[PDB]
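Engineer: File follows, upload15.cif with mmCIF, N, CA, C and O atoms:
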data_data
#
loop_
_atom_site.label_atom_id
_atom_site.label_comp_id
_atom_site.auth_asym_id
_atom_site.auth_seq_id
_atom_site.Cartn_x
_atom_site.Cartn_y
_atom_site.Cartn_z
N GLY A 1 104.03 57.73 141.54
CA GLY A 1 104.14 56.58 140.68
C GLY A 1 103.81 56.89 139.23
O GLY A 1 103.60 58.03 138.83
N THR A 2 103.77 55.83 138.42
CA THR A 2 103.52 55.98 136.99
C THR A 2 102.62 54.88 136.43
O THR A 2 102.55 54.73 135.20
N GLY A 3 101.90 54.14 137.27
CA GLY A 3 101.08 53.05 136.78
C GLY A 3 99.86 53.51 136.02
O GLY A 3 99.58 54.70 135.88
N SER A 4 99.13 52.53 135.49
CA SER A 4 97.92 52.82 134.72
C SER A 4 96.90 53.55 135.58
O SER A 4 96.69 53.19 136.75
N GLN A 5 96.26 54.57 135.00
CA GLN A 5 95.38 55.46 135.74
C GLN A 5 93.95 54.92 135.81
O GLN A 5 93.02 55.67 136.13
N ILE A 6 93.75 53.63 135.55
CA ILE A 6 92.43 53.02 135.71
C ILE A 6 91.90 53.24 137.12
O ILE A 6 90.70 53.51 137.30
N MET A 7 92.77 53.15 138.13
CA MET A 7 92.34 53.44 139.49
C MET A 7 91.84 54.88 139.61
O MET A 7 90.83 55.14 140.26
N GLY A 8 92.57 55.82 139.00
CA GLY A 8 92.16 57.21 139.12
C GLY A 8 90.77 57.45 138.57
O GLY A 8 89.92 58.05 139.23
N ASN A 9 90.51 56.95 137.36
CA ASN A 9 89.20 57.15 136.76
C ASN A 9 88.11 56.41 137.53
O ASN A 9 87.01 56.95 137.73
N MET A 10 88.38 55.17 137.95
CA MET A 10 87.33 54.40 138.61
C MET A 10 87.03 54.96 139.99
O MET A 10 85.88 55.01 140.42
N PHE A 11 88.07 55.46 140.68
CA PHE A 11 87.85 56.14 141.94
C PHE A 11 87.09 57.44 141.74
O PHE A 11 86.23 57.78 142.55
N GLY A 12 87.39 58.18 140.67
CA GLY A 12 86.63 59.39 140.40
C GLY A 12 85.16 59.12 140.14
O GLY A 12 84.29 59.80 140.70
N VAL A 13 84.86 58.13 139.30
CA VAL A 13 83.47 57.86 138.97
C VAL A 13 82.72 57.31 140.18
O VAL A 13 81.58 57.70 140.45
N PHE A 14 83.36 56.42 140.94
CA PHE A 14 82.71 55.86 142.13
C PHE A 14 82.56 56.93 143.21
O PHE A 14 81.55 56.95 143.93
N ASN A 15 83.53 57.83 143.30
CA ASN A 15 83.44 58.96 144.22
C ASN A 15 82.26 59.85 143.87
O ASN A 15 81.47 60.21 144.75
N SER A 16 82.10 60.20 142.60
CA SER A 16 80.97 61.03 142.20
C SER A 16 79.65 60.31 142.45
O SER A 16 78.66 60.93 142.88
N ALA A 17 79.61 59.00 142.17
CA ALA A 17 78.41 58.23 142.47
C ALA A 17 78.04 58.35 143.94
O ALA A 17 76.91 58.72 144.28
N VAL A 18 79.00 58.08 144.83
CA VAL A 18 78.69 58.13 146.25
C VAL A 18 78.39 59.55 146.71
O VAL A 18 77.62 59.74 147.66
N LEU A 19 78.94 60.58 146.05
CA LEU A 19 78.50 61.94 146.35
C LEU A 19 77.02 62.10 146.04
O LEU A 19 76.27 62.65 146.85
N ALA A 20 76.57 61.61 144.88
CA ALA A 20 75.16 61.74 144.54
C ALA A 20 74.28 60.99 145.53
O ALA A 20 73.31 61.54 146.08
N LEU A 21 74.61 59.72 145.80
CA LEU A 21 73.83 58.93 146.75
C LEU A 21 73.83 59.57 148.14
O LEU A 21 72.77 59.77 148.74
N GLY A 22 75.02 59.87 148.66
CA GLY A 22 75.10 60.47 149.97
C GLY A 22 74.35 61.77 150.07
O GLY A 22 73.66 62.02 151.06
N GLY A 23 74.43 62.61 149.04
CA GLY A 23 73.66 63.84 149.03
C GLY A 23 72.17 63.57 149.11
O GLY A 23 71.44 64.29 149.79
N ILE A 24 71.70 62.54 148.41
CA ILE A 24 70.29 62.16 148.54
C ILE A 24 69.97 61.80 149.99
O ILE A 24 68.92 62.17 150.52
N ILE A 25 70.89 61.09 150.65
CA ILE A 25 70.70 60.80 152.07
C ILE A 25 70.69 62.09 152.89
O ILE A 25 70.02 62.17 153.93
N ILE A 26 71.46 63.10 152.48
CA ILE A 26 71.44 64.37 153.20
C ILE A 26 70.12 65.11 153.00
O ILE A 26 69.63 65.74 153.94
N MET A 27 69.53 65.05 151.81
CA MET A 27 68.14 65.53 151.70
C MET A 27 67.21 64.76 152.64
O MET A 27 66.33 65.35 153.28
N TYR A 28 67.37 63.44 152.71
CA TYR A 28 66.48 62.66 153.58
C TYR A 28 66.62 63.09 155.04
O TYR A 28 65.64 63.44 155.70
N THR A 29 67.86 63.12 155.53
CA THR A 29 68.11 63.55 156.90
C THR A 29 67.80 65.03 157.08
O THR A 29 67.56 65.48 158.20
N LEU A 30 67.77 65.80 155.99
CA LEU A 30 67.41 67.21 156.09
C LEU A 30 65.93 67.37 156.36
O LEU A 30 65.53 68.17 157.21
N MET A 31 65.08 66.61 155.65
CA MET A 31 63.66 66.66 155.98
C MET A 31 63.42 66.10 157.38
O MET A 31 62.55 66.60 158.11
N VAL A 32 64.19 65.09 157.78
CA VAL A 32 64.06 64.57 159.15
C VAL A 32 64.42 65.66 160.16
O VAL A 32 63.69 65.90 161.14
N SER A 33 65.54 66.34 159.95
CA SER A 33 65.96 67.38 160.87
C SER A 33 64.94 68.51 160.91
O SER A 33 64.64 69.04 161.99
N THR A 34 64.39 68.88 159.76
CA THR A 34 63.43 69.98 159.72
C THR A 34 62.12 69.61 160.42
O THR A 34 61.54 70.45 161.11
N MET A 35 61.64 68.37 160.25
CA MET A 35 60.36 68.07 160.90
C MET A 35 60.56 67.88 162.40
O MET A 35 59.67 68.21 163.19
N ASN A 36 61.75 67.41 162.82
CA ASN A 36 62.05 67.39 164.25
C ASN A 36 62.14 68.81 164.81
O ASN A 36 61.64 69.08 165.91
N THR A 37 62.76 69.72 164.06
CA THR A 37 62.85 71.11 164.49
C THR A 37 61.47 71.74 164.61
O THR A 37 61.18 72.45 165.59
N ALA A 38 60.60 71.48 163.64
CA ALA A 38 59.24 72.01 163.70
C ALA A 38 58.47 71.42 164.88
O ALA A 38 57.76 72.15 165.58
N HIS A 39 58.61 70.12 165.11
CA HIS A 39 57.89 69.48 166.21
C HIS A 39 58.35 70.03 167.56
O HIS A 39 57.52 70.31 168.44
N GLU A 40 59.66 70.20 167.74
CA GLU A 40 60.15 70.67 169.04
C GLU A 40 59.93 72.16 169.22
O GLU A 40 59.66 72.62 170.34
N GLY A 41 60.02 72.94 168.14
CA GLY A 41 59.88 74.38 168.20
C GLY A 41 61.18 75.14 168.38
O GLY A 41 61.18 76.37 168.22
N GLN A 42 62.28 74.45 168.70
CA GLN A 42 63.58 75.08 168.87
C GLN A 42 64.42 74.87 167.62
O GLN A 42 64.11 74.02 166.78
N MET A 43 65.49 75.65 167.50
CA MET A 43 66.28 75.65 166.27
C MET A 43 67.15 74.40 166.18
O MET A 43 67.86 74.05 167.13
N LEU A 44 67.03 73.70 165.05
CA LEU A 44 67.91 72.59 164.66
C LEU A 44 68.30 71.70 165.84
O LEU A 44 69.47 71.52 166.17
N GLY A 45 67.29 71.13 166.49
CA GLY A 45 67.51 70.20 167.58
C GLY A 45 67.88 70.89 168.88
O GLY A 45 68.01 72.10 168.98
N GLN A 46 68.03 70.06 169.92
CA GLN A 46 68.44 70.54 171.23
C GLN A 46 69.75 69.92 171.71
O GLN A 46 70.31 70.41 172.70
N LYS A 47 70.25 68.89 171.04
CA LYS A 47 71.48 68.23 171.46
C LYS A 47 72.73 68.89 170.90
O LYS A 47 73.79 68.83 171.54
N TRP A 48 72.64 69.53 169.74
CA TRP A 48 73.79 70.16 169.10
C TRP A 48 73.50 71.63 168.82
O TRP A 48 72.35 72.03 168.62
N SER A 49 74.56 72.43 168.83
CA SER A 49 74.45 73.85 168.53
C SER A 49 74.29 74.06 167.02
O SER A 49 74.66 73.21 166.21
N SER A 50 73.73 75.22 166.67
CA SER A 50 73.50 75.57 165.27
C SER A 50 74.72 76.19 164.60
O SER A 50 74.66 76.49 163.41
N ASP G 1 88.39 47.26 119.20
CA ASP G 1 87.04 47.23 118.64
C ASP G 1 86.02 46.60 119.57
O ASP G 1 84.82 46.83 119.40
N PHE G 2 86.45 45.82 120.56
CA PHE G 2 85.49 45.12 121.41
C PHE G 2 84.80 46.07 122.39
O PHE G 2 83.80 45.69 123.00
N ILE G 3 85.33 47.28 122.56
CA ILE G 3 84.81 48.18 123.59
C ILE G 3 83.37 48.59 123.27
O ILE G 3 82.50 48.59 124.15
N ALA G 4 83.11 48.94 122.01
CA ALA G 4 81.76 49.36 121.63
C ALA G 4 80.76 48.22 121.80
O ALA G 4 79.64 48.42 122.29
N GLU G 5 81.16 47.01 121.40
CA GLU G 5 80.29 45.85 121.60
C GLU G 5 80.05 45.60 123.08
O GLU G 5 78.93 45.26 123.47
N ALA G 6 81.08 45.76 123.91
CA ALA G 6 80.90 45.60 125.35
C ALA G 6 79.93 46.62 125.91
O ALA G 6 79.10 46.30 126.78
N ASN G 7 80.01 47.87 125.44
CA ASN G 7 79.01 48.86 125.82
C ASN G 7 77.62 48.43 125.41
O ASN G 7 76.67 48.59 126.19
N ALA G 8 77.47 47.89 124.20
CA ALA G 8 76.16 47.42 123.74
C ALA G 8 75.66 46.25 124.58
O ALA G 8 74.45 46.06 124.73
N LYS G 9 76.58 45.44 125.12
CA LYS G 9 76.16 44.23 125.83
C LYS G 9 75.67 44.54 127.24
O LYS G 9 74.61 44.06 127.65
N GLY G 10 76.44 45.30 128.02
CA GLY G 10 76.06 45.62 129.38
C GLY G 10 77.14 45.24 130.38
O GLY G 10 78.33 45.47 130.17
N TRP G 11 76.69 44.66 131.50
CA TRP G 11 77.61 44.35 132.59
C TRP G 11 77.58 42.87 132.98
O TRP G 11 78.52 42.40 133.63
N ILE G 12 76.54 42.13 132.60
CA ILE G 12 76.39 40.75 133.08
C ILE G 12 77.32 39.81 132.33
O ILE G 12 77.30 38.59 132.54
N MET G 13 78.13 40.35 131.44
CA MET G 13 79.13 39.61 130.68
C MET G 13 80.51 40.26 130.72
O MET G 13 81.38 39.88 129.94
N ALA G 14 80.72 41.18 131.66
CA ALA G 14 81.96 41.95 131.72
C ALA G 14 83.20 41.06 131.70
O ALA G 14 84.15 41.33 130.96
N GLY G 15 83.19 39.97 132.48
CA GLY G 15 84.38 39.14 132.59
C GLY G 15 84.80 38.51 131.28
O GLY G 15 85.96 38.11 131.12
N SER G 16 83.88 38.42 130.32
CA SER G 16 84.25 37.85 129.02
C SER G 16 85.29 38.69 128.30
O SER G 16 85.95 38.19 127.39
N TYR G 17 85.45 39.96 128.69
CA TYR G 17 86.46 40.82 128.10
C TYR G 17 87.75 40.83 128.90
O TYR G 17 88.69 41.54 128.52
N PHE G 18 87.81 40.04 129.98
CA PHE G 18 88.90 40.11 130.95
C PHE G 18 90.26 40.17 130.26
O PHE G 18 90.97 41.18 130.34
N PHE G 19 90.62 39.10 129.54
CA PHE G 19 91.96 39.02 128.98
C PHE G 19 92.16 40.10 127.93
O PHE G 19 93.27 40.62 127.77
N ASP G 20 91.09 40.45 127.21
CA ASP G 20 91.17 41.58 126.29
C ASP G 20 91.64 42.81 127.04
O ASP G 20 92.65 43.43 126.67
N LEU G 21 90.96 43.14 128.14
CA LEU G 21 91.41 44.23 128.99
C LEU G 21 92.87 44.06 129.36
O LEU G 21 93.66 45.01 129.29
N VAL G 22 93.27 42.82 129.69
CA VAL G 22 94.65 42.56 130.05
C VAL G 22 95.58 42.97 128.91
O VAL G 22 96.53 43.74 129.11
N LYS G 23 95.29 42.50 127.70
CA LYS G 23 96.20 42.82 126.60
C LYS G 23 96.09 44.27 126.17
O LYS G 23 96.89 44.72 125.35
N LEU G 24 95.12 45.01 126.72
CA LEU G 24 95.14 46.46 126.61
C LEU G 24 95.97 47.08 127.72
O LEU G 24 96.78 47.98 127.46
N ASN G 25 95.81 46.59 128.95
CA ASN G 25 96.53 47.14 130.09
C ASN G 25 98.03 46.97 129.93
O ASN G 25 98.80 47.85 130.31
N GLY G 26 98.46 45.84 129.36
CA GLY G 26 99.87 45.70 129.01
C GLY G 26 100.31 46.79 128.05
O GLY G 26 101.33 47.44 128.27
N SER G 27 99.51 47.04 127.01
CA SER G 27 99.90 48.01 125.99
C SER G 27 100.08 49.41 126.57
O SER G 27 100.75 50.24 125.95
N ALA G 28 99.51 49.67 127.74
CA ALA G 28 99.68 50.95 128.42
C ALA G 28 100.72 50.91 129.53
O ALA G 28 101.26 51.96 129.89
N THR G 29 101.03 49.73 130.08
CA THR G 29 101.96 49.64 131.20
C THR G 29 103.31 49.06 130.80
O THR G 29 104.28 49.19 131.57
N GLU G 30 103.42 48.45 129.63
CA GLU G 30 104.67 47.87 129.15
C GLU G 30 105.70 48.96 128.89
O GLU G 30 105.37 50.05 128.43
N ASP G 31 113.76 36.41 109.12
CA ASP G 31 113.98 35.98 110.49
C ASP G 31 113.40 34.59 110.72
O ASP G 31 114.14 33.63 110.98
N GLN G 32 112.08 34.48 110.64
CA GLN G 32 111.42 33.21 110.83
C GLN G 32 111.80 32.22 109.73
O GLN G 32 112.07 32.60 108.59
N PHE G 33 111.81 30.95 110.09
CA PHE G 33 112.08 29.87 109.15
C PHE G 33 110.86 28.97 108.99
O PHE G 33 110.00 28.88 109.87
N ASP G 34 110.82 28.31 107.84
CA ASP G 34 109.66 27.55 107.43
C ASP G 34 109.35 26.39 108.37
O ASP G 34 110.21 25.93 109.12
N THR G 35 108.09 25.96 108.36
CA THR G 35 107.61 24.86 109.19
C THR G 35 106.40 24.23 108.50
O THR G 35 105.50 24.94 108.05
N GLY G 36 106.39 22.90 108.43
CA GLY G 36 105.32 22.18 107.77
C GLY G 36 105.47 21.99 106.28
O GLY G 36 104.45 21.87 105.59
N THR G 37 106.70 21.96 105.76
CA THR G 37 106.90 21.85 104.32
C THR G 37 106.66 20.44 103.81
O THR G 37 106.48 20.24 102.60
N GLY G 38 106.66 19.45 104.69
CA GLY G 38 106.23 18.12 104.31
C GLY G 38 107.23 17.28 103.55
O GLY G 38 106.85 16.24 103.00
N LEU G 39 108.50 17.69 103.48
CA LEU G 39 109.50 16.79 102.93
C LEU G 39 109.80 15.63 103.87
O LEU G 39 110.45 14.67 103.45
N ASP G 40 109.34 15.71 105.12
CA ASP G 40 109.42 14.55 106.00
C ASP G 40 108.50 13.43 105.54
O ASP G 40 108.81 12.25 105.74
N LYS G 41 107.37 13.77 104.92
CA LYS G 41 106.45 12.74 104.43
C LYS G 41 107.03 11.97 103.25
O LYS G 41 106.48 10.93 102.88
N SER G 42 108.12 12.46 102.66
CA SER G 42 108.76 11.74 101.57
C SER G 42 109.38 10.44 102.09
O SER G 42 109.60 10.27 103.29
N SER G 43 109.66 9.53 101.16
CA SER G 43 110.16 8.21 101.53
C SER G 43 111.18 7.74 100.51
O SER G 43 111.05 7.98 99.30
N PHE G 44 112.22 7.07 101.00
CA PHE G 44 113.16 6.36 100.15
C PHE G 44 113.32 4.95 100.68
O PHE G 44 113.44 4.74 101.89
N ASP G 45 113.33 3.99 99.77
CA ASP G 45 113.58 2.59 100.10
C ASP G 45 114.54 2.02 99.07
O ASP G 45 114.30 2.15 97.87
N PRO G 46 115.66 1.42 99.49
CA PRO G 46 116.52 0.73 98.52
C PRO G 46 116.11 -0.70 98.25
O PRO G 46 116.28 -1.19 97.12
N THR G 47 115.51 -1.38 99.23
CA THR G 47 115.23 -2.80 99.09
C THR G 47 114.25 -3.07 97.96
O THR G 47 114.11 -4.22 97.53
N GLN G 48 113.57 -2.04 97.46
CA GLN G 48 112.64 -2.24 96.36
C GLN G 48 113.34 -2.66 95.08
O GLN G 48 112.66 -3.14 94.16
#
In structure tokens, how does this file's structure come out?
Structural biologist:
Amino acid sequence: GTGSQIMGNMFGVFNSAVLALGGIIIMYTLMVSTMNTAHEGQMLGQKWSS
Amino acid sequence: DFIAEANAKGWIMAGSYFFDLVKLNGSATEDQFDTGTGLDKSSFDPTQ
């Protein structure tokens, strides 16, 4: 198409925003995964492979 | 020119620029004869 690229820019900025937020959630779940791993003593959980 | 002022204002008034945005979005997606000369206010009467 050839329409106005306002969608492109707004999707890019909102995409980057959600990357930042989601990554923060991945740090959160990363500390969760690590303390579960430490508590159990086995590598990165027991339900899924590493 | 309204863009800088809109940046200074924030977001709680965004819609006030709505139609302005519209007349910008058009600009990216897109003799005369006299009036009010007042000779109508003139008057002619013969009975005088």
Engineer: When the PyMOL selection byres ((chain A) within 7 of (chain G)) is applied to the file above, which residues end up in the set, as a ChimeraX atom specification?
Structural biologist: /A:2-4
Engineer: Kindly give the distance, in Å, that separates atom O of residue A:48 and atom C of residue A:22, rounded to a single decimal.
Structural biologist: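 Those two atoms sit 21.3 Å apart.
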Engineer: What does the structure give for the distance between atom C of residue A:15 and atom O of residue G:6, in Å to one decimal?
Structural biologist: 22.0 Å
Engineer: If DSSP is run on the backbone, what residues of stretch 8-44 of chain G are alpha helix (DSSP H)? A reply as an MDAnalysis selection string would be ideal.
Structural biologist: chainID G and resid 8:9 18:29
Engineer: Quick check, in Å to one decimal: how far apart do atom N of residue A:6 and atom C of residue G:15 lie?
Structural biologist: 18.1 Å
Engineer: Once you add 8 Å to each side, what are the centre and edge lengths of the axis-aligned box holding all listed atoms of stretch 13-31 of chain A? One decimal in Å, as lines of an AutoDock Vina configuration file, if you can.
Structural biologist:
center_x = 73.7
center_y = 62.0
center_z = 148.6
size_x = 38.3
size_y = 28.3
size_z = 35.2
Engineer: Give me, as a PDB file with N, CA, C and O atoms, keeping the file's coordinate frame, all polymer residues having an atom no more than 12 Å from residue A:47, counting only C-alpha atoms and skipping those fewer than 4 positions away in the same chain.
Structural biologist:
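Everything below was put into result.pdb:
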ATOM      1  N   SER A  33      65.540  66.340 159.950  1.00  0.00           N
ATOM      2  CA  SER A  33      65.960  67.380 160.870  1.00  0.00           C
ATOM      3  C   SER A  33      64.940  68.510 160.910  1.00  0.00           C
ATOM      4  O   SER A  33      64.640  69.040 161.990  1.00  0.00           O
ATOM      5  N   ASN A  36      61.750  67.410 162.820  1.00  0.00           N
ATOM      6  CA  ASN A  36      62.050  67.390 164.250  1.00  0.00           C
ATOM      7  C   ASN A  36      62.140  68.810 164.810  1.00  0.00           C
ATOM      8  O   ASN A  36      61.640  69.080 165.910  1.00  0.00           O
ATOM      9  N   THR A  37      62.760  69.720 164.060  1.00  0.00           N
ATOM     10  CA  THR A  37      62.850  71.110 164.490  1.00  0.00           C
ATOM     11  C   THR A  37      61.470  71.740 164.610  1.00  0.00           C
ATOM     12  O   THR A  37      61.180  72.450 165.590  1.00  0.00           O
ATOM     13  N   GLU A  40      59.660  70.200 167.740  1.00  0.00           N
ATOM     14  CA  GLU A  40      60.150  70.670 169.040  1.00  0.00           C
ATOM     15  C   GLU A  40      59.930  72.160 169.220  1.00  0.00           C
ATOM     16  O   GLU A  40      59.660  72.620 170.340  1.00  0.00           O
ATOM     17  N   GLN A  42      62.280  74.450 168.700  1.00  0.00           N
ATOM     18  CA  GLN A  42      63.580  75.080 168.870  1.00  0.00           C
ATOM     19  C   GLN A  42      64.420  74.870 167.620  1.00  0.00           C
ATOM     20  O   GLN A  42      64.110  74.020 166.780  1.00  0.00           O
ATOM     21  N   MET A  43      65.490  75.650 167.500  1.00  0.00           N
ATOM     22  CA  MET A  43      66.280  75.650 166.270  1.00  0.00           C
ATOM     23  C   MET A  43      67.150  74.400 166.180  1.00  0.00           C
ATOM     24  O   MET A  43      67.860  74.050 167.130  1.00  0.00           O
TER      25      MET A  43
END
